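Residue numbers (the deposited numbering), protein chains in the order written: chain A, 755 to 803; chain B, 557 to 620, 641 to 676, 690 to 705; chain C, 706 to 754; chain D, 1002 to 1147; chain E, 1002 to 1050; chain F, 854 to 951; chain G, 854 to 951.
Data block below; observations after.
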Ligand SMILES: *[C@@H]1O[C@H](CO)[C@@H](O[C@@H]2O[C@H](CO)[C@@H](O)[C@H](O)[C@H]2NC(C)=O)[C@H](O)[C@H]1NC(C)=O
Ligand SMILES: *[C@@H]1O[C@H](CO)[C@@H](O[C@@H]2O[C@H](CO)[C@@H](O)[C@H](O)[C@H]2NC(C)=O)[C@H](O)[C@H]1NC(C)=O
Ligand SMILES: *[C@@H]1O[C@H](CO)[C@@H](O[C@@H]2O[C@H](CO)[C@@H](O)[C@H](O)[C@H]2NC(C)=O)[C@H](O)[C@H]1NC(C)=O
Ligand SMILES: *[C@@H]1O[C@H](CO)[C@@H](O)[C@H](O)[C@H]1NC(C)=O
Ligand SMILES: *[C@@H]1O[C@H](CO)[C@@H](O)[C@H](O)[C@H]1NC(C)=O
Ligand SMILES: *[C@@H]1O[C@H](CO)[C@@H](O)[C@H](O)[C@H]1NC(C)=O
Ligand SMILES: *[C@@H]1O[C@H](CO)[C@@H](O)[C@H](O)[C@H]1NC(C)=O
Ligand SMILES: *[C@@H]1O[C@H](CO)[C@@H](O)[C@H](O)[C@H]1NC(C)=O
Ligand SMILES: *[C@@H]1O[C@H](CO)[C@@H](O)[C@H](O)[C@H]1NC(C)=O
């Protein structure tokens, strides 16, 4: 009898759920190449271990 | 509309009967509500004057110094050919002001032309 | 190809034109609360008061 | 209840749209009215300029950027030792094709002879790790010689 | 009513989290992928990396 | 529609927005970044682009010695923007969502 | 939990996020800021730090003549970051609150 209230609720929650993955993608997926450090960690004394 | 001999009512909105078959004469007539719309009062400060203009929003100037703007019918303001900065926003590029002393309605100016 | 005495220097360039799309404004909506709830009914509007 | 729900969602959506519009105004100021050094703020690459275009309910920025294209390997040194002096590039980087040393601007290969107008002297040759022996030419010596 | 309250609170919290995520993406672009001259945007002091 | 719901027109028409964008484009093309900070100072466009090359750490002779190639690259990039815009129907997703 | 409430997993796993962060770190370490603007251009890390010293208005010889001291300072600072984060948990409250 209440109509489409909770369909609205599920739509809002789904929007939030998608936005979470969008947030993570925008933060961390800022490069399409997967770069790797050389096996010899010689950087002139700088230590990134 | 083509109401087949079994169809009595008509609903393209599904909650309001927008059409109906008259029982006496089987002519089918559509039902459109009479009219409605907002009413806005354009005024300068009462610390300046008591004159007002009235905007009947989104209605033609027949349902109601009569100026048909894209925002509706304006009554009590004279339309001027000049362009100024917006003072009271009316809508769709039209603005209103109070100048010597009457309320004027005009197309707003975006700025002075300048060729480099 | 990292090393302690190697560098990569570009010898050319590309002029790149990219598109960024940003929403600015929404449709301006107005609702007549009484008309939506209690359309042209005076008993309903009196109750809504 | 339905009307209140609609108005609440409209308020939240309007807040999001206001954030987007503030970002658009900032980009109009910093990318169209100027050249931005902020990485990725205007486009991908080194920002040169931006052009705005109106769109229904929004804006489209055409970001013109500079992208290095065809890189080449060279050998580097942090400084050059000539007469017990350590020479450092005023602008650019010391670069070597295998046999000869040059100084280049950092973003575009343009080899130039290492000269005293090209470099500046700081200290002796015993402090810098990886300093490379090479000659630094003085343009004044031929002029006062001839 | 309880479900509506939860969903509205989630929407507001999601807006705040989205603002935080946008700031984090901007800092990833300007502090990690480059050297920023914006005072205090990438730590206290003159930003190196 | 007929239940007390109305749509108010924007104050600025689409033509006025186009006029503002055209004014911004003309100012940028004819005066670079000067009109933003004050009076518009005219400068030939290749010299402005040389300024911007200096701004990204590249010497001006790189632009001047490659002016035709750079102009061709820019023109073709704008043309590719045109082509892609009229080829990807999901390009304007951010606006259509609104 | 038991009343129609479900928790959806994130699209990217923690391992994938770690992979992205490791790729960013490797790119920055091996190529400085070049991989963010285009192709990754390798450069010795002391030379990159000299570039950054120039970026903050300090001459390159200041870095090169103090390379060991600067590297020791950086290493000690990173070690202290590890120590401080492992010492007190309230520093991560911003995350915990979420
Ligand atoms: C970089 O620093 C780490 C410490 O943060 C060094 O790791 C230590 O190495 C020594 C010698 O191999 C070991 O005795 C220690 O147990 C290690 N400590 C830890 C916490 O792993 C590492 O050796 C340094 N790298 C270089 C190249 O010197
Ligand atoms: C490195 O660069 C130097 C200078 O550009 C090269 O030396 C020149 O080589 C050309 C051959 O094409 C000669 O005509 C010039 O007379 C040389 N100049 C000098 C000053 O000797 C050198 O060959 C390059 N080395 C490599 C491996 O490419
Ligand atoms: C750069 O040239 C100098 C000479 O100007 C070299 O100095 C010699 O260094 C060796 C040790 O490597 C000493 O045994 C000699 O007595 C030094 N001679 C002179 C005249 O100074 C220096 O070694 C060279 N550097 C490199 C890396 O080859
Ligand atoms: C009902 O009566 C009226 C009046 O005589 C007539 O016009 C109409 O046709 C009648 N309805 C039908 C369905 O015949
Ligand atoms: C108002 O009605 C007149 C009647 O001829 C018509 O010409 C005009 O276009 C109408 N204006 C609007 C805004 O509907
Ligand atoms: C504007 O000027 C034209 C003639 O150029 C005239 O026909 C028109 O009526 C004027 N508009 C107003 C509002 O007076
Ligand atoms: C740079 O690339 C362009 C193509 O965009 C090419 O025409 C030109 O010859 C290249 N320059 C060099 C020096 O290779
Ligand atoms: C530089 O040398 C490495 C090998 O160590 C090679 O993989 C890389 O492609 C070279 N770079 C260029 C631009 O040729
Ligand atoms: C670079 O590394 C090599 C070993 O591969 C070493 O012989 C050389 O001395 C190092 N040079 C510098 C400047 O670190």
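Every residue gets a Cβ at the ideal spot worked out from N, C-alpha and C, and that includes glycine.
Residue i versus residue j: straight-line alpha-carbon distance, rounded
i                       : j                       : result
residue 913 of chain G  : residue 904 of chain G  : 7 Å
residue 761 of chain A  : residue 1051 of chain D : 42 Å
residue 665 of chain B  : residue 740 of chain C  : 26 Å
residue 937 of chain F  : residue 927 of chain F  : 15 Å
residue 767 of chain A  : residue 781 of chain A  : 21 Å
residue 1109 of chain D : residue 715 of chain C  : 5 Å
residue 860 of chain G  : residue 771 of chain A  : 10 Å
residue 930 of chain G  : residue 880 of chain F  : 49 Å
residue 1033 of chain D : residue 599 of chain B  : 38 Å
residue 800 of chain A  : residue 1127 of chain D : 21 Å
residue 864 of chain G  : residue 773 of chain A  : 11 Å
residue 1035 of chain D : residue 890 of chain F  : 9 Å
residue 589 of chain B  : residue 742 of chain C  : 16 Å
residue 1104 of chain D : residue 1135 of chain D : 12 Å
residue 602 of chain B  : residue 862 of chain F  : 27 Å
residue 673 of chain B  : residue 855 of chain F  : 32 Å
residue 1009 of chain E : residue 1005 of chain D : 12 Å
For residue i, the three-state DSSP class (helix, strand or coil)
i                       : result
residue 1036 of chain E : coil
residue 592 of chain B  : coil
residue 1140 of chain D : coil
residue 1050 of chain E : coil
residue 657 of chain B  : coil
residue 797 of chain A  : coil
residue 674 of chain B  : strand
residue 620 of chain B  : coil
residue 789 of chain A  : coil
residue 700 of chain B  : coil
residue 613 of chain B  : strand
residue 598 of chain B  : strand
residue 855 of chain F  : coil
residue 1003 of chain E : helix
residue 728 of chain C  : strand
Per-residue contacts from residue i into chain I (C-beta, under 9 Å)
i                      : result
residue 712 of chain C : You won't find chain I in this structure, because its protein chains are A, B, C, D, E, F and G.
Minimum C-alpha distance to residue i - residue among the options
i                       : options                           : result
residue 948 of chain F  : D/1071, D/1058, D/1048 and D/1136 : D/1058
residue 902 of chain G  : G/894, G/871, G/916 and G/935     : G/916
residue 579 of chain B  : B/593, B/591 and B/562            : B/562
residue 870 of chain F  : D/1002, D/1130 and D/1061         : D/1061
residue 707 of chain C  : A/794, A/756 and A/800            : A/794
residue 735 of chain C  : F/867, F/907, F/865 and F/857     : F/857
residue 703 of chain B  : F/884, F/864 and F/855            : F/884
residue 559 of chain B  : B/585, B/642 and B/673            : B/585
residue 1122 of chain D : D/1105, D/1065, D/1112 and D/1137 : D/1137
residue 698 of chain B  : B/617, B/671, B/668 and B/660     : B/660
residue 713 of chain C  : G/873, G/887 and G/868            : G/887
residue 1084 of chain D : D/1133, D/1053, D/1040 and D/1038 : D/1133
residue 908 of chain G  : D/1093, D/1068, D/1031 and D/1081 : D/1093
residue 1088 of chain D : D/1120, D/1106, D/1129 and D/1145 : D/1120
residue 1078 of chain D : A/798, A/802 and A/803            : A/798
residue 1118 of chain D : D/1091, D/1102, D/1013 and D/1142 : D/1091
residue 920 of chain F  : C/719, C/709 and C/711            : C/719
residue 1027 of chain E : E/1005, E/1004, E/1043 and E/1013 : E/1043
residue 597 of chain B  : B/642, B/609, B/671 and B/565     : B/609
residue 910 of chain F  : D/1053, D/1054, D/1067 and D/1056 : D/1067
residue 935 of chain F  : C/732, C/709, C/724 and C/710     : C/724
message = Contact between the stretch 775-784 of chain A and the stretch 1013-1028 of chain E is defined here as three or more beta-carbon pairs at a separation below 8 Å; is this criterion met?
response = yes
inquiry  = Any contact between the stretch 1040-1047 of chain D and the stretch 1091-1103 of chain D? By contact I mean 3 or more CB pairs, one from each, below 8 Å.
reply    = no
ask   = What residues does ligand 7 have around it, judged by CB closer than 7 Å to any heavy atom, in chain order?
value = C/716, C/717, C/719, D/1070, D/1071, F/922 and F/926
request  = Determine, using beta-carbon pairs with one atom in the stretch 894-901 of chain G and one in the stretch 1062-1077 of chain D, whether at least three such pairs fall under 8 Å.
outcome  = yes
ask   = In chain order, what residues have a CB nearer than 6 Å to some heavy atom of ligand 2?
value = D/1098, D/1099, D/1100 and D/1101
query = Mind listing, in chain order, the residues whose beta carbon lies closer than 5 Å to a non-hydrogen atom of ligand 6?
reply = B/655 and B/657
key: Sequence-ordered residues whose beta carbon comes within less than 7 Å of a heavy atom of ligand 1   = A/795, A/801, A/803, G/928 and G/932
query = Who sits around ligand 3, taking every residue whose Cβ is closer than 6 Å to one of its heavy atoms?
reply = D/1082 and D/1134
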